[PDB]
C-alpha cells in the first residue's frame, strides 16, 4: 500500500502546517506505509517543508527519486534522480507568449510577477513566494475570471494543456498527476507494495490522481467527483479520518 496525497488543502492546513495530520501521518509511517506527496508545488517548496523523495512536483511535471533508488531511472540531481515528464518551464513560457498574442489580451503568470507581487497575491512570505516562483515545468497563471474561457481556448490552440489547482489555473505540457503516479508505481522497488495505491486530494488537478489509484478519497470543500469517496470534514481532518477509517483496516 502506497499513499499518494496532495499537500495544500489535503495534508496541509490553511497556513501550510499539518493540523491533525501529524497524528495520521506518523501512524502510516510507523506501519511502514510509504506516503508520497503529489503536488502543484515546486521542488524548492517541497524541500522547505522538510519532505523527502520520492515525491511528485508541479502537477506531475517532475518525479523526484532518492539518489540511491534501487531502480535505475531518470538523471542525477546531486541528491536526487529526476524523471522529467513534462516540457521545461522556459518552453511553456515561450508558448504562452503565442497564446497571449492569439488571445489579444495579457496573459500573466508567476514568471511575469515579482516575488513581492506573488507574496501579496497568495499571502505568503517573500521567501515562500521565491520558492513558488522557482518553477521547472508548470506555470501558475493569474487570470481574469471573465477572460478564462478565451484564455483556455488560446492555450489549447497553441498546444498547451491546462488545469486548475484550487485557486489558480496552470499551464503546462505533459504534466499530469496520474501519469506521474503511474510512472512512480512502475518504478517501485516492491511491486507487491505498489499493486495497491491510495490517492487523496481536493482539486481539479487531482482528478488525474484519483483515476490513477485503486482507492481514491476526496477531502475537498465541495461534492465528491465521479464515484470518489468522501470524508466528514475537509482538509487534514478529512485526511486523518481517511487513514483511521479507510486505510488501517485494509492493512491486514
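So that the term is clear: the rigid core is the largest set of C-alpha atoms that superpose within 1.5 Å between two forms. Residue numbers count along the first chain shown, from 1.
Core-fitted comparison in 8 other deposited structures of this protein shows that, between 222-230 and 30-38, the CA atoms farther from the shown form belong to 222-230. The segment moving more, judged by mean Cα distance from this form in 8 other deposited structures of this protein after a core overlay, is 196-204 among 196-204 and 209-217. Averaged over CA atoms, B-factors in the entry run higher in 226-234 than in the other of 5-13 and 226-234. Averaged over Cα atoms, the B-factor as recorded in the entry is higher for 78-86 than for the other of 78-86 and 171-179.
In the PDB entry, the Cα temperature factor peaks, among 52, 192, 45, 58, at 192. Highest C-alpha temperature factor among 129, 152, 71, 94, as the PDB entry reports it: 71. In the PDB entry, a CA B factor belonging to the lowest third of its chain's modelled residues is recorded for residue 36. Among the modelled residues of its chain, residue 201 has a C-alpha B-factor that falls in the middle third according to the deposited record.
In the deposited entry, the Cα temperature factor of residue 208 sits in the middle third of values across the chain's modelled residues.
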